[PDB]
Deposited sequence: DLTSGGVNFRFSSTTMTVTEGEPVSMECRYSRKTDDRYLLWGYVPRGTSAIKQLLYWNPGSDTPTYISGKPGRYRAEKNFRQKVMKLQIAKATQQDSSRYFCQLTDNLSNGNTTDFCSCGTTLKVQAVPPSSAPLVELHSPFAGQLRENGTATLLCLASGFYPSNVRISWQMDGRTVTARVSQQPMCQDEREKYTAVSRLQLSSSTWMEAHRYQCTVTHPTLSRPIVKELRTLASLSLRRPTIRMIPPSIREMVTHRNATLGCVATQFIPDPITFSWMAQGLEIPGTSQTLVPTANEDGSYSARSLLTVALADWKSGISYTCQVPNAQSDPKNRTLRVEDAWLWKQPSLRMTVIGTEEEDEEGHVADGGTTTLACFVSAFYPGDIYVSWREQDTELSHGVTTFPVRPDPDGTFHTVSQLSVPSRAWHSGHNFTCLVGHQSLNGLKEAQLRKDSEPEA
């Protein structure tokens, strides 16, 4: 007569769920009473719950309420089962499979622990993405939908784009659980460069029984400025350089939205000019875009001949319209007319006489006006007004020079020089006193 308990074992069940205890025996003769018993809470004696008579597979319940227990003996498979239908906390006891020959008791037992049902909680949903702004760079993306801290594990995470349910490229890692029996699910939606850089409305919808309405997170992305074609602007040569240095410098300003170094190439009449292709580092701007500038110097004769100079940067517009600098048709040029006058008439004094040079009837409007006292260039007192357009289609301007009366009444020569595109040199107009 011995009641063993394997105290290094236990059976755990959630409150309300059924328990299925089972014992295997090695007897080859069905000649003994088989019993299922349990030790009630607060005592130390094994109260009998049910038994089978030797040779009979019919359970003989003696205690409890016939409905809470379900027994089953099968001498073929050598099994004796006892099931508790709806586990309660009071069921947490020691349970024994017993064998005896008359009501010499040999029993083998274990313990039963009854855990509570975890409190149902609602999932916290978080939708995350890489930088989803306008300045978003080119590349593939991975949208993330995290749902944490919920019970039970019957959560559904779905993806939508522009109202349409998306199924491809949706990967959800295996379900997860912490020490507090709260679950965590992670869904990911992988997006190609094309779709990611377009304006779209992504949505993650999470459905859970603790929620009457699904939790919907939204990400509304505008079209990416990284797919905008680089803008090229041309800077024509300055007349100042054309008359002074007699070089001609053309400029090419390329504005991208990618900070990558920009490589510029120059073509003359379609053919690339050797030794002129050059790469420069762009410069960040106000809107976030980057801008670089390339310069190309040519001879004055080549520029005035009518050569078409084209600027090309990789991935630009095919129309060479806003990318080409060429001198205008020669029959459209108008030579500037110069008209000088003097205003601001013992004299002596610190009086100032002002000389005016009217430059009119020229095309295009780029003009260079300078003043010279004999054979010396003047910088002080010179005021060249901006060029204004004519109803005749040409342009006109005025240039003033304030000189002390000491130099005008002495008898110096005052020259107004005008350099223009339609001139092979500089057109002079002299003005002396007497």
Missing CA coverage against the deposited sequence, listed in sequence order.
1 to 5, 109 to 114, 357 to 363, 453 to 457
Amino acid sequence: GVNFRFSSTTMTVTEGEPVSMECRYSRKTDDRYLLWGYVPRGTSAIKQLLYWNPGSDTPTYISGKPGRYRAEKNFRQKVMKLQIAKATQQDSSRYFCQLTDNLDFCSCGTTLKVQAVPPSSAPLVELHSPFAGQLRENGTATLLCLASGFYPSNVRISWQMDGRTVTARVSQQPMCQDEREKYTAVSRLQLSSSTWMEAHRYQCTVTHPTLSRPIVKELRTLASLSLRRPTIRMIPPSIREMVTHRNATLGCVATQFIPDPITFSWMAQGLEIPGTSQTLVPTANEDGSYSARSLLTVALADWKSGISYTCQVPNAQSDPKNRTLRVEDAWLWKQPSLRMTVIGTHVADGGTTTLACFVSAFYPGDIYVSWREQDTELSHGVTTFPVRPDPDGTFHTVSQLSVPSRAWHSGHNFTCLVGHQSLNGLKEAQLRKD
From here on, numbers count along this sequence of modelled residues.
Quick note on 9 to 17 and 411 to 419: per-entry mean CA temperature factor is higher in 411 to 419
Given the B-factors recorded for C-alpha atoms, which segment has the greater mean, 278 to 286 or 198 to 206?
278 to 286
Out of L124, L144, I157, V243, which residue has the highest Cα temperature factor in the PDB record?
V243
Top Cα B-factor in this entry, restricted to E328, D260, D91, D178, sits on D260
Based on the deposited C-alpha B factors for this chain, I'd like to know if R233 is in the lowest, middle or highest third.
middle
Please say which third, lowest, middle or highest, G163 falls into when its CA temperature factor is compared across its chain.
middle
Should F105 be placed in the lowest, middle or highest third of its chain by the C-alpha B factor in the entry?
middle
CA B-factor ranking of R388, expressed as a third of its chain:
lowest
Entry-reported C-alpha B-factor of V359 relative to its chain, by third, is lowest
